[PDB]
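Just the one chain here, laid out as structure tokens, in the form whose entry title says "activated conformation".
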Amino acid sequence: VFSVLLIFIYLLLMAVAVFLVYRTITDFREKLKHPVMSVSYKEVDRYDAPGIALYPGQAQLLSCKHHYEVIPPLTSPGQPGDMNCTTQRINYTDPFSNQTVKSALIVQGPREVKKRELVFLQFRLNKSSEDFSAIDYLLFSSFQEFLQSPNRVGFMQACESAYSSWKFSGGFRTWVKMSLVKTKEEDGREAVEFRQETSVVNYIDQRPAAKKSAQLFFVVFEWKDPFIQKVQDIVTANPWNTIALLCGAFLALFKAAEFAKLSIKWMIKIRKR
């Protein structure tokens, strides 16, 4: 009769439900055992003013200007003048060596991503014994946060431990298109990291040869796009979602139990007749 067909259908449905809940529980198990982080992108009209920690050493900051889409031709390269930016100077011991102190010049970065706001910095280093002409730069977010920070020393070391340190060369103009990545760790601590795309442009010096010994450093800092990349694992960042998933698994188990009970009742009814 159709009774055995209904019993088989309900048994198959119970098997389906228990398989589904077991698969969900399993996938939750690999999600917990293998911590994997999801990636998303957030669009924002205006970026928070970042901090650029430059390490000139003996190089002198000739100029620092804010421009929009265009850097006008230099009136006289190698000549200081027209410093229009908020800069700070900090001394902190290196978190790794603990013997050498790194004197950092913090510069407020560009803010208007949609208008391609450019921070153009000009350095001049007359003489050095270093084999390679470079200036180190470390990108951190929220220059105001550093300025408002109490110690201003441990913050710089914590930013040093972050993976946002690069170097730009002398004798070249370095167009840096930086992008922001915010990671929510397992501990919940926010990690701020920077990607960059670099355009290196050769600089042709028309100055008299007598002054050509000095090295000129040009760097242009710019936001690549109004897209902040957020990296976080959904299972760990949201305990409420984990509880919701467990609750849904429990509900699925209960629906499977209800289907099994209906199957048992139908089997009893069939056996009675």
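One-based numbering along the sequence shown. Only the largest set of C-alpha atoms that superpose within 1.5 Å between the two forms is called the rigid core.
There is another form of this protein, the form whose entry title says "resting conformation", and it is not shown here; the text below is about that form.
Fit the rigid core and compare the CA positions between this form and the one not shown: of 184, 111, 114, 195, just 184 moves by 2 angstroms or more. Relative to the superposed rigid core, the position of the CA of residue 45 differs between this form and the one not shown by less than 2 Å.
In the core-superposed comparison between this form and the one not shown, the C-alpha atom of residue 232 has shifted by at least 2 angstroms. Residue 66 is not among the residues whose C-alpha shifts by 2 Å or more between this form and the one not shown once the rigid core is aligned; its shift stays under 2 Å.
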